[PDB]
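File shown: my_file_23.txt. Contents: compact mmCIF, N, CA and C atoms.
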# COMPACT_ATOMS: atom_id res chain seq x y z
N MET A 1 5.93 -6.90 9.43
CA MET A 1 6.65 -7.85 8.58
C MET A 1 5.80 -8.25 7.37
N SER A 2 4.93 -9.24 7.56
CA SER A 2 4.08 -9.72 6.49
C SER A 2 2.86 -10.44 7.05
N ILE A 3 2.00 -9.69 7.73
CA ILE A 3 0.81 -10.26 8.34
C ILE A 3 -0.39 -10.28 7.38
N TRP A 4 -0.38 -9.41 6.38
CA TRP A 4 -1.49 -9.36 5.43
C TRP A 4 -1.04 -9.71 4.02
N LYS A 5 -1.99 -10.16 3.20
CA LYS A 5 -1.72 -10.53 1.82
C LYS A 5 -2.89 -10.15 0.92
N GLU A 6 -2.65 -10.07 -0.38
CA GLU A 6 -3.70 -9.74 -1.33
C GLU A 6 -4.08 -10.98 -2.13
N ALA A 7 -5.35 -11.35 -2.05
CA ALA A 7 -5.85 -12.53 -2.75
C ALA A 7 -7.07 -12.18 -3.60
N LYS A 8 -7.47 -13.12 -4.46
CA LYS A 8 -8.63 -12.90 -5.32
C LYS A 8 -9.73 -13.90 -4.96
N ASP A 9 -10.96 -13.40 -4.83
CA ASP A 9 -12.09 -14.25 -4.47
C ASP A 9 -12.48 -15.18 -5.61
N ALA A 10 -13.59 -15.90 -5.42
CA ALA A 10 -14.08 -16.83 -6.42
C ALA A 10 -14.51 -16.10 -7.69
N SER A 11 -14.82 -14.81 -7.55
CA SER A 11 -15.24 -13.99 -8.68
C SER A 11 -14.19 -12.94 -8.96
N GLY A 12 -12.99 -13.17 -8.43
CA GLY A 12 -11.89 -12.26 -8.64
C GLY A 12 -11.97 -10.99 -7.80
N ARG A 13 -12.57 -11.09 -6.62
CA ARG A 13 -12.70 -9.93 -5.74
C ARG A 13 -11.45 -9.78 -4.88
N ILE A 14 -10.87 -8.58 -4.88
CA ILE A 14 -9.65 -8.32 -4.12
C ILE A 14 -9.92 -8.11 -2.64
N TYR A 15 -9.33 -8.98 -1.82
CA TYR A 15 -9.48 -8.92 -0.37
C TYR A 15 -8.16 -9.21 0.33
N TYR A 16 -7.93 -8.53 1.45
CA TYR A 16 -6.71 -8.72 2.23
C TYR A 16 -6.91 -9.81 3.28
N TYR A 17 -6.06 -10.83 3.22
CA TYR A 17 -6.17 -11.95 4.14
C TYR A 17 -4.94 -12.06 5.04
N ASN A 18 -5.19 -12.11 6.35
CA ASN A 18 -4.14 -12.24 7.35
C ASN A 18 -3.78 -13.72 7.49
N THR A 19 -2.51 -14.05 7.27
CA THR A 19 -2.07 -15.44 7.37
C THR A 19 -1.51 -15.76 8.75
N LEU A 20 -1.09 -14.72 9.47
CA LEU A 20 -0.54 -14.91 10.81
C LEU A 20 -1.60 -15.56 11.70
N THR A 21 -2.81 -15.03 11.62
CA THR A 21 -3.93 -15.55 12.39
C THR A 21 -4.94 -16.26 11.49
N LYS A 22 -4.61 -16.33 10.20
CA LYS A 22 -5.46 -16.98 9.21
C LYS A 22 -6.84 -16.32 9.11
N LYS A 23 -6.89 -15.02 9.39
CA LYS A 23 -8.15 -14.28 9.33
C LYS A 23 -8.33 -13.62 7.96
N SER A 24 -9.55 -13.20 7.65
CA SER A 24 -9.84 -12.58 6.36
C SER A 24 -10.45 -11.19 6.51
N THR A 25 -10.18 -10.32 5.53
CA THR A 25 -10.70 -8.96 5.52
C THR A 25 -10.71 -8.38 4.11
N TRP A 26 -11.37 -7.24 3.93
CA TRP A 26 -11.44 -6.60 2.63
C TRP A 26 -10.94 -5.16 2.69
N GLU A 27 -10.92 -4.60 3.90
CA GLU A 27 -10.47 -3.22 4.09
C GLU A 27 -9.06 -3.19 4.68
N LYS A 28 -8.18 -2.40 4.06
CA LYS A 28 -6.80 -2.28 4.52
C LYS A 28 -6.74 -1.77 5.96
N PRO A 29 -6.27 -2.61 6.90
CA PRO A 29 -6.14 -2.23 8.31
C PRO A 29 -5.13 -1.10 8.47
N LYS A 30 -5.40 -0.17 9.39
CA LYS A 30 -4.52 0.98 9.59
C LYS A 30 -3.04 0.61 9.65
N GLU A 31 -2.69 -0.51 10.27
CA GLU A 31 -1.28 -0.92 10.36
C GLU A 31 -0.71 -1.20 8.97
N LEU A 32 -1.60 -1.53 8.05
CA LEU A 32 -1.22 -1.81 6.67
C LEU A 32 -1.17 -0.51 5.88
N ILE A 33 -1.85 0.50 6.41
CA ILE A 33 -1.91 1.82 5.80
C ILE A 33 -0.84 2.75 6.38
N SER A 34 -0.41 2.44 7.60
CA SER A 34 0.57 3.25 8.31
C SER A 34 2.01 2.89 7.97
N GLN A 35 2.23 1.73 7.37
CA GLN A 35 3.59 1.32 7.03
C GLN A 35 4.06 2.02 5.75
N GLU A 36 3.30 1.85 4.68
CA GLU A 36 3.64 2.45 3.39
C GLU A 36 3.87 3.95 3.55
N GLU A 37 3.10 4.57 4.43
CA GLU A 37 3.21 5.99 4.70
C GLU A 37 4.55 6.31 5.35
N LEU A 38 5.05 5.35 6.12
CA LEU A 38 6.30 5.50 6.86
C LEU A 38 7.50 5.28 5.96
N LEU A 39 7.30 4.60 4.85
CA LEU A 39 8.40 4.37 3.92
C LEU A 39 8.47 5.54 2.97
N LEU A 40 7.29 6.05 2.67
CA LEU A 40 7.16 7.20 1.82
C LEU A 40 8.01 8.33 2.38
N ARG A 41 7.72 8.68 3.63
CA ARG A 41 8.41 9.75 4.35
C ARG A 41 9.93 9.67 4.22
N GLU A 42 10.47 8.55 4.65
CA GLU A 42 11.92 8.32 4.65
C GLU A 42 12.59 8.77 3.36
N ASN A 43 11.97 8.50 2.21
CA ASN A 43 12.55 8.89 0.93
C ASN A 43 11.99 10.23 0.45
N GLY A 44 10.84 10.63 0.97
CA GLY A 44 10.25 11.90 0.57
C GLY A 44 9.14 11.75 -0.46
N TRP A 45 8.36 10.68 -0.35
CA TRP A 45 7.26 10.44 -1.28
C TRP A 45 5.92 10.78 -0.62
N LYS A 46 4.92 11.07 -1.45
CA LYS A 46 3.59 11.41 -0.95
C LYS A 46 2.54 10.58 -1.67
N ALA A 47 1.40 10.37 -1.02
CA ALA A 47 0.32 9.58 -1.60
C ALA A 47 -0.92 10.43 -1.85
N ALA A 48 -1.55 10.22 -3.00
CA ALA A 48 -2.75 10.96 -3.36
C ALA A 48 -3.59 10.15 -4.35
N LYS A 49 -4.75 10.68 -4.70
CA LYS A 49 -5.63 10.00 -5.65
C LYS A 49 -6.17 10.97 -6.68
N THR A 50 -6.59 10.43 -7.82
CA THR A 50 -7.12 11.24 -8.91
C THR A 50 -8.64 11.27 -8.85
N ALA A 51 -9.25 12.00 -9.78
CA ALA A 51 -10.70 12.09 -9.85
C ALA A 51 -11.29 10.72 -10.15
N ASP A 52 -10.50 9.90 -10.85
CA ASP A 52 -10.92 8.56 -11.22
C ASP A 52 -10.46 7.54 -10.18
N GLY A 53 -10.22 8.02 -8.96
CA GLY A 53 -9.79 7.15 -7.89
C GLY A 53 -8.42 6.55 -8.13
N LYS A 54 -7.70 7.08 -9.11
CA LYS A 54 -6.36 6.59 -9.41
C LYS A 54 -5.40 7.00 -8.30
N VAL A 55 -4.78 6.01 -7.65
CA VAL A 55 -3.84 6.29 -6.59
C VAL A 55 -2.46 6.55 -7.17
N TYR A 56 -1.94 7.76 -6.96
CA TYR A 56 -0.63 8.12 -7.49
C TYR A 56 0.26 8.75 -6.42
N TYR A 57 1.52 8.32 -6.41
CA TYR A 57 2.50 8.84 -5.46
C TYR A 57 3.48 9.75 -6.19
N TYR A 58 3.84 10.87 -5.57
CA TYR A 58 4.77 11.80 -6.20
C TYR A 58 5.72 12.42 -5.18
N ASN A 59 6.94 12.71 -5.64
CA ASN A 59 7.96 13.31 -4.79
C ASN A 59 8.03 14.82 -5.03
N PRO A 60 7.63 15.64 -4.03
CA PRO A 60 7.63 17.10 -4.14
C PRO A 60 9.03 17.70 -4.14
N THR A 61 10.05 16.86 -3.99
CA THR A 61 11.43 17.34 -3.97
C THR A 61 12.08 17.21 -5.35
N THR A 62 11.71 16.16 -6.08
CA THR A 62 12.26 15.93 -7.41
C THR A 62 11.17 16.03 -8.47
N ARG A 63 9.94 16.32 -8.03
CA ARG A 63 8.81 16.42 -8.94
C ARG A 63 8.68 15.13 -9.74
N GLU A 64 8.74 14.01 -9.02
CA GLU A 64 8.64 12.69 -9.63
C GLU A 64 7.23 12.13 -9.50
N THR A 65 6.83 11.32 -10.47
CA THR A 65 5.50 10.73 -10.47
C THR A 65 5.55 9.22 -10.68
N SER A 66 5.00 8.48 -9.73
CA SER A 66 4.96 7.02 -9.79
C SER A 66 3.54 6.52 -9.52
N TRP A 67 3.14 5.47 -10.24
CA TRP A 67 1.80 4.91 -10.09
C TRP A 67 1.76 3.84 -9.00
N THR A 68 2.89 3.64 -8.31
CA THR A 68 2.95 2.64 -7.24
C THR A 68 4.14 2.88 -6.31
N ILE A 69 3.95 2.53 -5.04
CA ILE A 69 4.99 2.69 -4.03
C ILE A 69 6.31 2.06 -4.47
N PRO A 70 7.34 2.89 -4.72
CA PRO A 70 8.66 2.41 -5.14
C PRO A 70 9.19 1.34 -4.19
N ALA A 71 9.84 0.32 -4.74
CA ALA A 71 10.39 -0.76 -3.92
C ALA A 71 11.49 -0.26 -3.00
N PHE A 72 11.32 -0.49 -1.70
CA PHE A 72 12.30 -0.06 -0.71
C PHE A 72 12.92 -1.27 -0.01
N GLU A 73 14.10 -1.67 -0.46
CA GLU A 73 14.80 -2.81 0.11
C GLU A 73 15.11 -2.59 1.59
N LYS A 74 15.48 -3.67 2.27
CA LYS A 74 15.80 -3.61 3.69
C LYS A 74 16.91 -2.60 3.96
N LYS A 75 16.54 -1.45 4.51
CA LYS A 75 17.51 -0.40 4.82
C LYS A 75 18.48 -0.85 5.90
Whole structure, structure tokens version:
Amino acid sequence: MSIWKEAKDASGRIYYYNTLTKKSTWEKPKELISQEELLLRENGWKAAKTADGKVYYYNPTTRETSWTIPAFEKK
């Protein structure tokens, strides 16, 4: 549902904070990495990165290119 969130530290450092248990972290937990991957599949999207660490998603069926996971409303 929504157990993790993205916040900025005192120096603007990006860290993922769990509000369900009020815990803090900096590395995306597998459950947070396994969901987006599961939405990708359903529509036919893939995730990859560039030489500059640029994360880009593309659809091998329509040859589409997006710089971020397309919004997937409640199916």
message: Counting only C-alpha atoms, which residue out of A:53, A:36, A:27, A:22 sits closest to residue 1 in chain A?
response: A:36
query: With distances taken over only C-alpha atoms, which of A:25, A:46, A:52, A:12 is nearest to residue 68 in chain A?
result: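 The shortest atom-to-atom distance to residue 68 in chain A comes from A:46.
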- request: Would you mind listing what lies within 8 Å of residue 59 in chain A as a PyMOL selection string, with all atoms listed in the file counted and same-chain residues fewer than 3 positions away left out?
  value: chain A and resi 43-47+56+62-66
message: I need the alpha helix (DSSP H) residues of chain A per DSSP on the backbone, written as a PyMOL selection string.
response: chain A and resi 30-43
Near-residue 16 in chain A list (7 Å; all atoms listed in the file; drop same-chain fewer than 3 positions) as a count of residues only: 10
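Minimum atom-to-atom distance to residue 18 in chain A, evaluated using only C-alpha atoms, belongs to A:3 out of A:71, A:3, A:48, A:38.
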- request: Write out as a PyMOL selection string all residues of chain A that DSSP puts in strand (DSSP E or B) for this structure's backbone.
  value: chain A and resi 4-8+14-18+23-25+46-49+55-59+64-66
message: Ranking A:74, A:69, A:2, A:42 by minimum distance to residue 55 in chain A and counting all atoms listed in the file, which one comes first?
response: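 The closest residue to residue 55 in chain A is A:69.
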- prompt: For the atom pair CA of residue 51 in chain A and CA of residue 37 in chain A, what is the interatomic distance in Å to one decimal place?
  reply: 21.0 Å
- prompt: Expressed in Å to a single decimal, how great is the separation between CA of residue 10 in chain A and CA of residue 33 in chain A?
  reply: 25.4 Å
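Using only N, CA and C atoms for every distance, the candidate list A:30, A:75, A:17, A:67 yields A:67 as the residue closest to residue 54 in chain A.
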query: atom C of residue 70 in chain A to atom C of residue 49 in chain A: how many Å, to one decimal?
result: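 Atom C of residue 49 in chain A lies at a distance of 18.3 Å from atom C of residue 70 in chain A.
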